[PDB]
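Before any questions on binding or motion, here is one chain by itself as structure tokens, the form deposited in one PDB entry.
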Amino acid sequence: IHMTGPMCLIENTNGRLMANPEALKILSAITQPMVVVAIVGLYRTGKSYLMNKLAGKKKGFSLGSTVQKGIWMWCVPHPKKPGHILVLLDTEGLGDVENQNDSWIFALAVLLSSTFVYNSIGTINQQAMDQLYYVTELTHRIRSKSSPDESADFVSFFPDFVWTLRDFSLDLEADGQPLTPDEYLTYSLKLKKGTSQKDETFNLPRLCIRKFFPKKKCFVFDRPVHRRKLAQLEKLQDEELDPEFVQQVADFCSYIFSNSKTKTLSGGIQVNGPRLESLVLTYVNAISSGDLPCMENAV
């Protein structure tokens, strides 16, 4: 499975989402079952490191990928599942230079993925909650535009949720024992107690995550601390980064290689390369159509 590095699967150009033919021929060739893990988030938040580490790459921490966008893929063998492939998706360029296909790229990632990894800096903020809410419903509207006819049946389709918090080497709070990353999640996910229309327009995203993301793991990561940029524009190695950061991101990878399920369609048919090509074309066609059937909401 040659793939030395990542490759764009869906490119964002002129506000126009175009699926990659070169990427589709690759997917087609892979007959084995797939575990799709989408590392989504804002640009320049350290997503690439999770990708390289997940792809098994030893030297995978770049330092400034200076310029002078869409969904990139990386198909490697699954390091804990022989006969299974690991497809890695990355939402490139989200909010970089900034119709704004950010939500759509976000949605396709969640759609195509078997596991959903949201990557953000600092403490959990409303802005993240709102778009997480927005994508949940957006994915509902797109998936529904593919169903043979014009709700515990949509929750079964949704991927697992993983939140990776970055530069949040802070994460210091407790009751009597220090909070775990997981406990921090539920905490920052606690609903506001108030019969108001400000707390209402605050608890909706929380309520949405409560229903649509049943399995939820959280990861807090330390600030990556390393030797100075010895001649700029390079790619460091683990032995040159904060040992804690390396161990944290490894413990993350381990959770992925073990807990992440094989991508399945409706009826429970495992998804393989050619099956993912179909899903990429279907979903790109459902979006690029500018159609979208207006059915009832799902919140």
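The term rigid core refers to the most C-alpha atoms you can superpose between the two forms while keeping them within 1.5 Å. Numbering starts at 1 and follows the sequence shown.
Unshown form deposited in another entry; subsequent notes refer to it.
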| property | result |
| --- | --- |
| Core superposition between this form and the one not shown, C-alpha change of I30 at least 2 Å | no |
| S188 C-alpha shift between this form and the one not shown of 2 Å or more, rigid core reference | yes |
| Core-aligned CA displacement of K80 at least 2 Å between this form and the one not shown | no |
| Shift in CA distance, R166 and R227, in that other deposited form relative to the form shown here, given it is 3 Å or more | closer |
| Cα-Cα shift for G60 and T180, closer or farther in that other deposited form, minimum 3 Å | farther |
